[PDB]
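Before any questions on how it binds or moves, here is one chain, the form deposited in one PDB entry, in structure tokens.
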């Protein structure tokens, strides 16, 4: 496979962002990582045949590397907890710096792309489409947490972020009273997704493993927990006039890679027709 490892400078973050890339078309699928994003390889390349599955698909595949517990958003400040010496500015990187770099050097279009996220980034992909519709007319959320500002979610997200690398949710979106919590809440931003007529692909398993694996307590628990939010998202979406979505809620699936890969393959034809055909 013709996969490349690029060093894309982030002026806003003051460092270079490693990006795994496979060409094949002017339009691309941005594959966002999960909560435990690593600094060597994006989770999709480590756990799935993503690049192979999209080889010769008429689409380019972009895999940013890094961003553990970042939620791919622009933080208010450095994480006050683990000595992070810079401020995450992933929204700026994904909507300005990276696309500019890829257009100049590779010819990848800055508009008409797809943002695909899972777990931590499932909602992130949706928010990106919400505020950058020209760049993301398509967005997929796989097992995402779609109502981050509601009830216990801010607290659960805070513990998860601290548990994964010691990141501070308050450094990111500030106090739960801060506008950022609602600004980045997919549920709250549904009207934008409808108004922009975003093509959305929302998936979430039910907690029961199939032959695909992912059979462990944590993975089963997470999927069953977030499914409640995903169903409320589908309802509110339809109630708000949403008419361009695909909601896959099968009676199987845990919070793990085999299932996310299965969805990535399932949505390929969908992305091809929306972005190209």
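Residue numbers count along the first chain shown, from 1. Throughout, rigid core stands for the largest set of C-alpha atoms superposing within 1.5 Å between the two forms.
Keep in mind that the form deposited in another entry is missing from the display, and what follows is about it.
Just one residue from the list 26, 66, 245, 209 crosses the 2 Å line for C-alpha shift between this form and the one not shown on a rigid core fit, and it is 209.
Residue 49: CA moves less than 2 Å between this form and the one not shown after rigid-core fitting. Residue 36 shows a C-alpha shift below 2 Å between this form and the one not shown [criterion: core-superposed Cα displacement of 2 Å]. Core-superposed comparison between this form and the one not shown: the Cα of residue 234 travels less than 2 Å.
A decrease of at least 3 Å in the separation of the C-alpha atoms of residue 159 and residue 214 is found in the other entry, compared with the displayed form.
A change of 3 Å or more separates the two forms for residue 209 and residue 154: their C-alpha atoms lie closer together in the other entry.
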